[PDB]
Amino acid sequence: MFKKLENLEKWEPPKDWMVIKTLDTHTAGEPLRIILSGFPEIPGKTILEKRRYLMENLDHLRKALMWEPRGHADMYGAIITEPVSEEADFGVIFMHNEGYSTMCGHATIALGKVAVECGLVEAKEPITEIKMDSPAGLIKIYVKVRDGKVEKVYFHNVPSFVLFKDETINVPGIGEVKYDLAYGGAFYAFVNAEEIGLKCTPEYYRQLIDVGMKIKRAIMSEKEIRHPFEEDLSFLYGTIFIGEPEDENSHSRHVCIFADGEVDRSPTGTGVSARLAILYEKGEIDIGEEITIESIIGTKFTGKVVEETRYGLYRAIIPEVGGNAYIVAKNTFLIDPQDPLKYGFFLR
């Protein structure tokens, strides 16, 4: 009835069930599942070491939390760790439907907001500075705070650069496709959506996943994607289709196809970083100039080239990306050891 629904609220699982609590957020529509407790401990003194440990020993738990039923193909996750570097407040490892990314813009925006609102760091007005160890390097977060509430979150990414420019690849099944490839904390191939007769709108959702994954795999089999200093960082994360903007002050539109067919519902925070590097080297924007990029569901990030730099032998920028995030849930996930899907399932 109404009253004995209380029995479901009082109900507790048996003691042999695994219990994993999370705090869930979304950033421009793109979720973040932040693990709080019940996870086994993750040894290592670098973020890359911690990330390497997860893939080899605990990946069934990534699938229990990322995949259906707990769970869905577009879920994203974050494990927050004690800081590795001397100046950091904390460290983070990201997880998605295929594995563990090297950096994540939308999660960083959410993490800065949760850090202020929920007490990972002390609040300062008007701006709180957070420094965060990520797999790609150190991230500086600037949290806008008025009267104890977060208003917008900005971050500075690791140096972002171009790796190739105006290439053509033959995508078996599609044909010839023109692309640029840049680094923004992760590696993306940038492709023009009308040039393959698709549009960056929901109407074309499954073709974007379909064509996007074809483009990604073709480039991966044919080209070396190299990070100047780190082995675990040297791979193609995704394909980003660039689209004509729908709204008035927006520069363009992003649809990021990443991991195993995953689609970013936000514009990509790492994608905006890599896109800023691309716009800068062909001179389409000036230092200090802020642009707005949208996503497939019409949500928006801001991006701006803060500074030139040198990264390895590459010409590079320090990008600033900004957005907002909201808390949407507190979850207690239950893993029944006799459950035939206790570690999830995923269909591609």
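All residue numbers are counted from 1 along the displayed sequence.
Asks: On average, which has the higher Cα B-factor in the deposited entry, 77-85 or 195-203?
Replies: Mean CA B-factor is higher for 195-203.
Asks: Taking only the CA atoms, which stretch has the higher mean B-factor in the record, 156-164 or 256-264?
Replies: Stretch with the higher mean C-alpha B-factor: 156-164.
Asks: Checking the entry, which one of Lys113, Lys223, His106, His96 has the top C-alpha B factor?
Replies: Out of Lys113, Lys223, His106, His96, the record gives the largest C-alpha B-factor to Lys223.
Asks: Just the C-alpha B-factor column, please: which of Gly312, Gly322, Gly298, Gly29 has the biggest number?
Replies: Going by the entry's C-alpha B-factors, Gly312 comes out highest.
Asks: Please say which third, lowest, middle or highest, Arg51 falls into when its CA temperature factor is compared across its chain.
Replies: Bottom third by C-alpha B-factor.
Asks: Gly283's Cα B-factor: lowest, middle or highest third of the chain?
Replies: Its C-alpha B-factor belongs to the highest third of this chain's values.
Asks: Using the temperature factors of the C-alpha atoms in this entry, rank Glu9 within its chain: lowest, middle or highest third.
Replies: Within its chain, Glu9 is a highest-third residue by C-alpha B-factor, going by the deposited values.
Asks: By the record's CA B-factor, is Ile141 among the lowest, middle or highest third of residues in the chain?
Replies: Lowest third of the chain for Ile141's C-alpha B-factor.
Asks: Based on the entry's values, in what third of the chain does the Cα temperature factor of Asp59 lie: lowest, middle or highest?
Replies: Lowest third, going by the recorded CA B-factors of the chain.
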